[PDB]
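K.L.:
Chains A and B, in that order, are what the protein sequence lines are.
Position one of the first sequence corresponds to residue 1 (the numbering used here), numbered consecutively onward.
Position one of the second sequence corresponds to residue 1 (the numbering used here), numbered consecutively onward.
For every residue, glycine included, the Cβ atom is placed at its ideal position computed from N, Cα and C.
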Amino acid sequence: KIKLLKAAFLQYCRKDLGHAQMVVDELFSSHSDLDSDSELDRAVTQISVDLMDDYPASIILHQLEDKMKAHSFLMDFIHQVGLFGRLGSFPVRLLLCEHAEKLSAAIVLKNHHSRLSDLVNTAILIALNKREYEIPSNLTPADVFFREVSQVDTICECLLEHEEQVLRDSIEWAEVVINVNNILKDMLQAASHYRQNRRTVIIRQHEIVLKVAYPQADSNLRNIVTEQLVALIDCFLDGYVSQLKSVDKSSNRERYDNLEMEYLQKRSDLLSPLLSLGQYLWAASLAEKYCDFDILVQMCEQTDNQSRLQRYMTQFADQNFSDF
Amino acid sequence: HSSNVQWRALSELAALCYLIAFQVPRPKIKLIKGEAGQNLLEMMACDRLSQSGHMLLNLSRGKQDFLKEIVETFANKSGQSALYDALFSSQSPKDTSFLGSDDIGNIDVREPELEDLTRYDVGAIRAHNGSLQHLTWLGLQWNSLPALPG
Numbered sequence: 001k002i003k004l005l006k007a008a009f010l011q012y013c014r015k016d017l018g019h020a021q022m023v024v025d026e027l028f029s030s031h032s033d034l035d036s037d038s039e040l041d042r043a044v045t046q047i048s049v050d051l052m053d054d055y056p057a058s059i060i061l062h063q064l065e066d067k068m069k070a071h072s073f074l075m076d077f078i079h080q081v082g083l084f085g086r087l088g089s090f091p092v093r094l095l096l097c098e099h100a101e102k103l104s105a106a107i108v109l110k111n112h113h114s115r116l117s118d119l120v121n122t123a124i125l126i127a128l129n130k131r132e133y134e135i136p137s138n139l140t141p142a143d144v145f146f147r148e149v150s151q152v153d154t155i156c157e158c159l160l161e162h163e164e165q166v167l168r169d170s171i172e173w174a175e176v177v178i179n180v181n182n183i184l185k186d187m188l189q190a191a192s193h194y195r196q197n198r199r200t201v202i203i204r205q206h207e208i209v210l211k212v213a214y215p216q217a218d219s220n221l222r223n224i225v226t227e228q229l230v231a232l233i234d235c236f237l238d239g240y241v242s243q244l245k246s247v248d249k250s251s252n253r254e255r256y257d258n259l260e261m262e263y264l265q266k267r268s269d270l271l272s273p274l275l276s277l278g279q280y281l282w283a284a285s286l287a288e289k290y291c292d293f294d295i296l297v298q299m300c301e302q303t304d305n306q307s308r309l310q311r312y313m314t315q316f317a318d319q320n321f322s323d324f
Numbered sequence: 001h002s003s004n005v006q007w008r009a010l011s012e013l014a015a016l017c018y019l020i021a022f023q024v025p026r027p028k029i030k031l032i033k034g035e036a037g038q039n040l041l042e043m044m045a046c047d048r049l050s051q052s053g054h055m056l057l058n059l060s061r062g063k064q065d066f067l068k069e070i071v072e073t074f075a076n077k078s079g080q081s082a083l084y085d086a087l088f089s090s091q092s093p094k095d096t097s098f099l100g101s102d103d104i105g106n107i108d109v110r111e112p113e114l115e116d117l118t119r120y121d122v123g124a125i126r127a128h129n130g131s132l133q134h135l136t137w138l139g140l141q142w143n144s145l146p147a148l149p150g
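Take a look at the structure:
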């Protein structure tokens with residue numbers, strides 16, 4: 001109940017000064033606790049996750065940095081007092097701490113980038129979710145657009161499609177559709193390196209692949225490459241997250257695990273074809289990123305005279321010969 | 001010396017190289033300490049644009065807007081690795097090699113104008129000390145063009 005998650009949120013406050021007293025409220029917790037694994041332990045998971053949601057709900061950047069440290073001495077004040085169990089990730093809602101970490105480094109990666117075009121796509125993205133208090137206080141806000149920033153990505157995309165409907169593409173309008181590509185990209189670079197220090201999200205990425213495909217149809221050479229090294233930087237983070245979820249699930253209920261394979265395999269084919277017009281200098285890195293997707297790098301070696309590449313492919317491979 | 005398949009692919013690769021060179025702007029001549037130094041630097045600039053220029057053309061006369069294809073296909077970073085591959089042995093570290101790290105951005109992919117080419121040649125006559133080799137080459141390069149050299 002609410003009386004409990006307000007008692008550990010009171011023991012973490014003291015868990016910054018001393019421990020002894022907090023270690024006896026975790027000791028009173030283990031004896032007074034339920035201790036039936038299947039849901040009462042996911043009743044204290046629903047508490048540790050309701051306080052990670054409140055250390056994320058918390059000088060707007062130096063104030064969001066102070067909150068990635070707070071949620072860092074909150075993940076250390078859980079490892080010690082322990083806090084060595086519970087997990088209610090299920091569907092849509094331990095991986096939930098990391099995820100709320102990753103999205104607080106995303107909140108600081110778009111705080112570090114503040115210009116008039118993103119701040120406008122953000123104000124359009126927040127006025128659409130609800131109204132804002134007009135007692136000044138107009139960021140128009142962030143502390144709740146952090147716990148949910150995933151949404152200011154699918155909307156700062158709908159504000160690049162209405163800024164592309166007026167783009168009239170015309171050159172300065174294909175420079176504004178790349179500036180956003182570069183931010184959603186290095187906001188996905190910031191969640192990757194925060195995991196190294198350990199269906200709307202995805203749609204908005206397959207939507208900007210196709211809009212990064214319509215533009216290189218009319219673009220000065222060099223520019224059409226930098227947005228191609230970018231949509232290659234981004235596609236290589238999606239294929240890496242479907243690989244990591246595969247490896248997460250295995251065995252029984254396999255039927256669902258061999259149906260999600262066909263789905264990622266019909267997309268590394270839809271990202272390959274897309275790169276069939278593009279430069280094949282990136283194929284070598286796309287073929288290595290989803291380190292097999294051989295059918296694509298095998299038909300790039302066939303379209304050219306690089307019988308040297310299909311010999312360099314089979315030189316470093318596990319059963320490609322029986323595949324080629 | 002090599003076969004036809006390598007020729008086209010290599011000439012394709014070379015066309016990109018000459019293109020990259022031609023695109024490079026005229027160097028900032030005023031920025032040099034002395035008159036001799038700056039005049040030299042400009043002389044070389046004219047030589048670069050002239051030699052690469054005629055080559056770019058002679059390779060583009062082979063087909064219709066052949067240049068456009070070269071950029072659209074090999075301006076991709078994939079070409080940068082295909083260039084390093086054909087030129088060098090891959091064993092060398094690809095990090096400290098300038099070729100592998102250059103930012104090939106917005107290749108003009110615009111064939112050269114004859115009038116510009118003429119003033120490049122004239123300015124680069126002294127590039128190779130006016131060797132009859134130099135001039136006989138230029139004179140031959142203009143032998144296929146509709147405008148004649150000065």
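Assuming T154/A and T200/A make a contact with CB atoms under 8 Å, what is their CB distance in whole Å?
P.N.:
What you label residue 154/A is simply residue 154 of the first sequence in a count that begins at 1. What you label residue 200/A is simply residue 200 of the first sequence in a count that begins at 1. At roughly 5 Å, the Cβ-Cβ gap stays under 8 Å, so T154/A and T200/A are in contact.
K.L.:
Give every residue of the same chain whose Cβ lies closer than 7 Å to the Cβ of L277/A, excluding the five residues on either side of it in the sequence, and list them in chain order.
P.N.:
Within the first sequence, the letter at position 277 stands for residue 277/A. Taken in chain order, the list of residues that qualify is empty.
K.L.:
What does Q80/B touch in chain A if you count any residue whose Cβ is under 9 Å from its own?
P.N.:
Stepping through the second sequence from its first residue, residue 80/B is reached at position 80. Within 9 Å Cβ-Cβ: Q279, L281.
K.L.:
When you compare the CB positions of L221/A and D108/B, do they come within less than 9 Å of one another, or not?
P.N.:
Start at 1 with the first residue of the first sequence, and residue 221/A comes out as number 221. Start at 1 with the first residue of the second sequence, and residue 108/B comes out as number 108. Yes.
K.L.:
Under a Cβ-count criterion, where at least 16 other Cβ atoms within 10 Å of its own Cβ denotes burial, should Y280/A be classed as buried or exposed?
P.N.:
In the first sequence, counting from the first residue as 1, residue 280/A sits at position 280. Answer is buried; the Cβ neighbour count reaches 16.
K.L.:
Listed in chain order, which residues of the stretch 216–231 of chain A have Cβ atoms closer than 8 Å to some Cβ of chain B?
P.N.:
Cβ contacts with chain B: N220, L221, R222, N223, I224, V225, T226, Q228, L229.
K.L.:
Report the start-end ranges of each beta strand (DSSP E) in the stretch 73–109 of chain B that is 3 residues or longer and not cut off at the edges.
P.N.:
Secondary structure within the stretch 73–109 of chain B: not one fully enclosed beta strand (DSSP E) run of 3 or more consecutive residues is present.
K.L.:
Could you name the residues of the same chain whose beta carbon sits closer than 6 Å to that of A124/B, not counting the 5 residues immediately before and after it, in chain order?
P.N.:
Translated into positions along the second sequence, residue 124/B becomes position 124. Excluding residues within five positions, the ones whose Cβ falls inside 6 Å are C46, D47, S50.
K.L.:
Could you tell me whether any Cβ in chain B is nearer than 9 Å to the Cβ of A284/A?
P.N.:
As a working note, residue 284/A is residue 284 in the first sequence. Yes, contact with chain B.
K.L.:
If you follow the alpha helix (DSSP H) that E301/A is part of, which residue opens it and which one closes it?
P.N.:
As a position in the first sequence, residue 301/A is number 301, starting the count at 1. Element bounds for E301/A: 294–303.
K.L.:
What in chain A is Cβ-close to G105/B, meaning under 9 Å?
P.N.:
Here the question's residue 105/B lines up with position 105 in the second sequence. The contacting residues are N220, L221, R222, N223, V225, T226.
K.L.:
Which chain B residues are close to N182/A, counting only those with a beta carbon under 9 Å from its beta carbon?
P.N.:
Within the first sequence, the letter at position 182 stands for residue 182/A. What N182/A touches in chain B: nothing, since even the nearest Cβ is about 14 Å away.
K.L.:
Just the C-alpha distance for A287/A and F293/A, rounded to the nearest angstrom, thanks.
P.N.:
Position 287 of the first sequence, counted from the first residue, corresponds to residue 287/A. Position 293 of the first sequence, counted from the first residue, corresponds to residue 293/A. Distance between the alpha carbons of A287/A and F293/A is about 6 Å.
K.L.:
Along the stretch 289–314 of chain A, where does the CB come closer than 7 Å to a CB of chain B? Name the residues.
P.N.:
Flagged, chain order: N305.
K.L.:
Find out if the Cβ-Cβ distance for the pair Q151/A, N76/B is shorter than 9 Å.
P.N.:
Within the first sequence, numbered from 1, the residue matching residue 151/A stands at position 151. Within the second sequence, numbered from 1, the residue matching residue 76/B stands at position 76. Going by C-beta atoms, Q151/A is not nearer than 9 Å to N76/B.
K.L.:
Which bits of chain A does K77/B rub up against, with CB to CB less than 7 Å?
P.N.:
In the second sequence, the residue the question calls residue 77/B occupies position 77. Taking a Cβ-Cβ threshold of 7 Å, the residues of chain A close to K77/B are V225, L229, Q279, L281, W282, in chain order.
K.L.:
Return the chain-ordered list of same chain residues with a C-beta closer than 6 Å to the C-beta of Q38/B, the five sequence neighbours on each side being excluded.
P.N.:
Walking along the second sequence from the start, residue 38/B turns up at place 38. Closer than 6 Å at Cβ, skipping near neighbours: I29, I32.
K.L.:
At a CB-CB cut-off below 8 Å, which residues of chain A make contact with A9/B?
P.N.:
Along the second sequence, read from residue 1 onward, the residue named residue 9/B stands at position 9. Correct list: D304, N305.
K.L.:
Taking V24/B as the query, report the chain A residues whose CB atoms sit under 9 Å from its CB, ordered along the chain.
P.N.:
The residue you call residue 24/B lines up with position 24 of the second sequence. Simply none; closest approach about 13 Å.
K.L.:
Quick check: is the beta carbon of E72/B nearer than 9 Å to any beta carbon in chain A?
P.N.:
Position 72 of the second sequence, counted from the start, is the residue given in the question as residue 72/B. Yes, because at least one Cβ of chain A sits closer than 9 Å to the Cβ of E72/B.
K.L.:
For the stretch 109–121 of chain B, list every residue whose C-beta sits within 8 Å of some C-beta in chain A, in sequence order.
P.N.:
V109
K.L.:
Can you list, in chain order, the residues of its chain whose CB lies under 8 Å from that of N182/A, leaving out five sequence neighbours each side?
P.N.:
As a working mapping, residue 182/A is identified with position 182 in the first sequence. Closer than 8 Å at the Cβ level, and outside the excluded window around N182/A, lie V230.
K.L.:
Contact between the stretch 64–73 of chain B and the stretch 139–149 of chain B is defined here as three or more beta-carbon pairs at a separation below 8 Å; is this criterion met?
P.N.:
no
K.L.:
Starting from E65/A, trace the alpha helix (DSSP H) both ways and give me its first and last residue.
P.N.:
Position 65 of the first sequence, counting from 1, holds the residue named residue 65/A. Residues 62–70.
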